[PDB]
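Notes follow once the structure below has been shown.
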Amino acid sequence: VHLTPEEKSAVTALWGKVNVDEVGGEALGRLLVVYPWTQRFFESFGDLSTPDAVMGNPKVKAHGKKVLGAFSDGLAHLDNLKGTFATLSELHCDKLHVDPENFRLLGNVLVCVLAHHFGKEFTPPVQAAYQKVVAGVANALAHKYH
Amino acid sequence: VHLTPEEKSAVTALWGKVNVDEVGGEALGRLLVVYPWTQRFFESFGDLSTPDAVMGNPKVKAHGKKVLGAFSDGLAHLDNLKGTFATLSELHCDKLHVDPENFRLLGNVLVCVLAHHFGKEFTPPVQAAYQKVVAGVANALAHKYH
Amino acid sequence: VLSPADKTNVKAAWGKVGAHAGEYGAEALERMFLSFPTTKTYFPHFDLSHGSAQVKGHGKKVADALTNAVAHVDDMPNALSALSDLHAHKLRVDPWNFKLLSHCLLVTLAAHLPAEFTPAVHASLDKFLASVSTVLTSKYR
Amino acid sequence: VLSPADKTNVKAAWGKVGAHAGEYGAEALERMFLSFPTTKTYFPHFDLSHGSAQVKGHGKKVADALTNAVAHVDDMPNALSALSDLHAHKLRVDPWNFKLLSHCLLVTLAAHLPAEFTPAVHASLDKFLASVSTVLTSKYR
Ligand code: HEM
Ligand code: HEM
Ligand code: HEM
Ligand code: HEM
């Protein structure tokens, strides 16, 4: 993914203020909550039968932290999102067999979570820069297919 | 795109019997006919107001030949679909601004056209090998985005 | 939704399928599992091998669902009603997979009905399958 | 489709938007044109510059359409009727773009209604926008 000096600052400056803990599980929860069919991949997490149920679910909060990490890792190697996610690709593609479309969904929920968190700071331009990133991650994650 | 010796034969053997002329415009026409919103990109082709209208439309038949060529070209360089479509990517992405999803659609219509043409010869395995290819082309064509 | 022209185009084509509806349905499923492997995570208790009696038996059920959707083309919602909770709520099938089956179904039809699979009939079936899928996922939103 | 719970969740959230509906609508549009440039090929006669009066004026029309969809949440089809031919037939808008606007609309809402944009209300709006889009594209199949 490209990213201009301006797009770089906008993203990084904002990403620095993120809460590695909360934000992490917030995106994952909403995903499972907004796109129910995703739960089929986390049955071993217990009661996901309700929002409060999944939103509070500790297994979520925990795994969401790992996902956030994965992104932070991508932002560091935008020049090589491919090698950066190579192992993750194999995992989700060959092992788990998750459809790429759902990666796209996670990126978008992430985007929503951030807009909610930062509010008026998440200006349109900041979003556009982030859609670029999310688009880049989703493509790299799904490389073990094409 | 990978493709095993078996997938290679299945595809190539079948592709050799294709009619560069007919098949070409058949895919393009059905696309415009089945996914009407695509016509907005070929208003300079005249009457597309009806199937017979577009199906017979000579501008279609003609451009479809160029598309078929583009694919044949991809089948030859499956190892490097990226450089093979590099110019085409720029064209459709930066210039035309076509959404990737529609590339996927064209691949699938192509697949239908071929199944229709070859019938019982287009066995499931042959299709799977071809979906791989089409998937590969669509991704390469849309590289000027991610 | 489906226009008078679509409705007639659908009825005609399905009429041709006739008694083969069950075998075409088994064929579409097989095409899907092959071309789109992620869809297999939904049939783990299935022996997806080629001449699998399970696949053949399920292709029949799918075909009959479609036959019913056509027979009640003007009331697919109430008709497909049951199938909707099963897929949407029970199995929680990823909506995108309905697109993949619909495509393999058109491929199957185009490989058997060369005379009928014209552009217009093609768009019609697409719209039809598009609608059937919408209903089977109606429980999501 | 939209359950009683969704219906109430939608009404509530839109109630909050209140008189800002028009400005949030202009904001969503801007977010879309920026994050998703292919959608601009539909507004060539528009000066998509930031403080564009045209964008601001169109965001108002979009917001009012949505306000009406909510006011007739139980009959969106008949209500949005006109908007469907305009988009589907007239402008022949690529269905995928409806997904992009719906996403920017949720982003806009989440950036203004921190208290209301809870997970549940979020899913609700999604389902709602999902439905509104379905109607605006109902003329395709
Ligand atoms: C959007 C990009 C995504 C990122 C960056 C991401 C990242 C990760 C990471 C970091 C792990 C843990 C792997 C490890 O322990 O080494 C993982 C596991 C997993 N992911 Fe994702 N993921 C993504 C999307 C998805 C989606 C959309 C689904 C589909 C439901 C999914 C389902 C899973 C599952 C079920 C596991 C559990 C495997 C385990 O026990 O570790 N992921 N993912
Ligand atoms: C699926 C892969 C596709 C391939 C291989 C393909 C290939 C091509 C080729 C070979 C050309 C002619 C370029 C030249 O003259 O050098 C072209 C032009 C064009 N393509 Fe595609 N195309 C694809 C998909 C699409 C899609 C989905 C659309 C969207 C409606 C589209 C719209 C156009 C348009 C409007 C032109 C006309 C530009 C001109 O005047 O040459 N293409 N494409
Ligand atoms: C064209 C749309 C579809 C139709 C008409 C259809 C129809 C049916 C029918 C008739 C059944 C039998 C259920 C019963 O015995 O009551 C069923 C079950 C099921 N369907 Fe589908 N289906 C559709 C799409 C899908 C898709 C996209 C998937 C997922 C890839 C899928 C996965 C399943 C699964 C896993 C079951 C349960 C199988 C079992 O009994 O073990 N279906 N469907
Ligand atoms: C949430 C769904 C949408 C709603 C409620 C909406 C609503 C409207 C409304 C109220 C109008 C004004 C038409 C009139 O004056 O009668 C309109 C026009 C139009 N819409 Fe949308 N729209 C939606 C999605 C889209 C999408 C996805 C696109 C394409 C990116 C789009 C492109 C247009 C265009 C180009 C026009 C004509 C603009 C003009 O007057 O020059 N709309 N829409």
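All values below come from the heavy atoms of this structure, side chains included, with hydrogens, waters and symmetry mates left out. A note on names: the letters A, B, ... follow the listed sequences, proteins ahead of strands, and every chain is numbered from 1.
- A salt bridge between A:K61 and A:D21 is absent, with no side-chain N of the basic residue lying under 4.0 Å from a carboxylate O of the acidic one.
- Without hydrogens or angle criteria, D:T137 side chain to D:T134 main chain gives a donor-acceptor distance under 3.5 Å.
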Output, in order, the C-alpha distance, side-chain angles, deciding distance and verdict of side chain to side chain donor-acceptor pair (under 3.5 Å) for A:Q131 and A:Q127. CA-CA 6 Å; A:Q131 296 288 168; A:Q127 182 191 347; 3.1 Å; yes

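- A:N102 places a side-chain heavy atom less than 4.5 Å from the side chain of A:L105.
- In this structure, the side chain of D:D6 engages the main chain of D:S3 through a donor-acceptor pair within 3.5 Å.
- For D:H58 and D:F46, the ring centers are positioned less than 6.0 Å apart.
- Listed in order of number, the residues of residues 27-34 of chain D that approach chain A to under 4.5 Å between heavy atoms are D:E30, D:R31, D:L34.
- Residues of residues 90-111 of chain D that come within less than 4.5 angstrom of chain A, heavy atom to heavy atom, are D:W96, D:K99, D:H103, D:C104, D:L106, D:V107, D:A110, D:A111 in numerical order.
- For A:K8, the NZ atom sits in a packed shell: over 12 heavy atoms of surrounding residues, nucleotides or ligands are nearer than 6.0 Å.
- Residue pairs meeting the salt bridge (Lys or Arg N to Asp or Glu O under 4.0 Å) criterion with at least one member in residues 82-102 of chain A, sequence neighbours excluded: A:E101-A:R104.
- Looking at A:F122 and A:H117, their side chains never come closer than 4.5 Å, going by heavy atoms from C-beta outward.
- Among the candidates A:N108, A:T123, A:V113, A:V109, the residue making the largest number of heavy-atom pairs closer than 4.5 Å to chain D is A:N108.
- Ranking A:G29, A:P51, A:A128, A:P125 against chain D, the residue ahead of the rest is A:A128, based on heavy-atom pairs under 4.5 Å.
- Contacts between A:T50 and chain D at a heavy-atom distance below 4.5 Å are absent for every atom of the residue.
- Here ring pair (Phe, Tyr, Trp, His ring centres under 6.0 Å) pairs that include residues 106-126 of chain D, with residues two or more places apart or in two chains, are A:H116-D:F117, D:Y24-D:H112, D:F117-D:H122.
- The shortest distance between side-chain heavy atoms of A:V134 and A:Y130 does not fall below 4.5 Å.
- With a 4.5 Å cut-off on non-hydrogen atoms, A:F118 does not touch chain D at all.
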